[PDB]
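Each of two forms of one protein chain follows alone as C-alpha cells, named structure 1 and structure 2.
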Structure 1
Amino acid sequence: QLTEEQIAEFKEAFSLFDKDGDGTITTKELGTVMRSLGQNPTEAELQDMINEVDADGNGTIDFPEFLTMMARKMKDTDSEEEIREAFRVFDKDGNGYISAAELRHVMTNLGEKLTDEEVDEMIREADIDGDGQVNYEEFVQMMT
C-alpha cells in the first residue's frame, strides 16, 4: 500500500514542519507553518491539532506519528471545507486552477526552494486531465 517513495515524500514534508531539525514538531513549529499558509490558529487550537496526532502523549509529533496521520485514509465524507480551505491557499488568484507558479509561491513561503522541474513533476502527478494545472476536483482526489 505505502511505497518507499510516499514514505520519502512524507519525510520531506515532515522537514517542512520540523524547522530546527530536531526530529519533533512543536506547536510553535506548527503555528509558523499554519501562518505561512494564511491560517491563524490560537495556541489552544495549535495544541489541539498536535494532541490529536500525538499518539504517545509526549507533547510533540515525531515522524512515526506524522506518517501515521499523513497516510491515514482521508474519507470523502470528511470535512470538505478543510480541503477547500487547503485549495484556496494554492489558488491565490482564485481562478479555480493551481499553476506551478501558485505552487512555487507557496513552497517559497514555506521556506522551501525547488527546481522548476521539481514543481512541474509535482503538478503532473496531480494533473488528471492533462491541462497542466490542478483544479478542485483534481485537488480533491489527491488530498483524499
Structure 2
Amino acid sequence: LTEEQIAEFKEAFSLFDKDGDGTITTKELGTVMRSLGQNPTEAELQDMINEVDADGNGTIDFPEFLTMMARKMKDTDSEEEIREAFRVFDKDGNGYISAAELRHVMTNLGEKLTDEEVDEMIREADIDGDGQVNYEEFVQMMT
C-alpha cells in the first residue's frame, strides 16, 4: 500500500470523522451517508463497523479503516460504485462535473476550499483539457 494511497485513505477518514477525535462512530457514518442522500438502518451501520472492528471497542480508528480499504468491500448488486459516486458529483446530470458542482460537494462534506483549490482539483482530473470532468476521466482517476 503506497504513500499516496495511505494519504488518500487518511483524507477519506477525515471526512467521516466529523468531530476529529480519531474514531468513526456509527453516528458519523449515518450522518455522512444521509448527507449524501442515503438512509442506512441502525443494524446496517452496526454490521458495517463490526466487519472492520478488529480490537472490538465498537469504533473504527485509522489502522482499522486502513485494513478495510486494503481488503476492499464487496459488491452485492452495485458493482459500479464509480457511476453512483459520479452521480453525487454531477448534480444536474449532464455528464460533466464543473468546478461549481465540485465546490458544492466539498461544502456538503464539510470543508471550505478556495476557488483556486477547486480549480486545481478539476485540473488534476481533467485529461482532455475542456475544464470539466466527464465520466471516463472520473473512472481513470480512480482506476
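When a residue number appears, read it as a position in the sequence of structure 1, where counting begins at 1. Whichever C-alpha set is largest while still superposing within 1.5 Å between the two forms counts as the rigid core.
**Student:** Looking at how the chain moves between structure 1 and structure 2, with two rigid parts pivoting, which one of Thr115, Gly21, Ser79, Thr42 falls at the hinge?
**Tutor:** Hinge position among the options: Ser79.
**Student:** Give the rotation angle, in whole degrees, of the smaller rigid part relative to the larger one between structure 1 and structure 2, based on C-alpha superpositions.
**Tutor:** Angle of the smaller part against the larger: 17 degrees.
**Student:** What does the CA of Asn51 shift by between structure 1 and structure 2 after fitting on the core? Give it in Å to one decimal.
**Tutor:** C-alpha shift for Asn51: 4.0 Å.
**Student:** Please state the CA displacement of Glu125 between structure 1 and structure 2 in angstrom, with both forms fitted on the core.
**Tutor:** Taking the core as reference, the C-alpha of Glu125 is shifted 0.3 Å.
**Student:** Relative to the superposed core, report the C-alpha shift of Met74 between structure 1 and structure 2 in angstrom.
**Tutor:** Rounded to one decimal, the shift is 10.2 Å.
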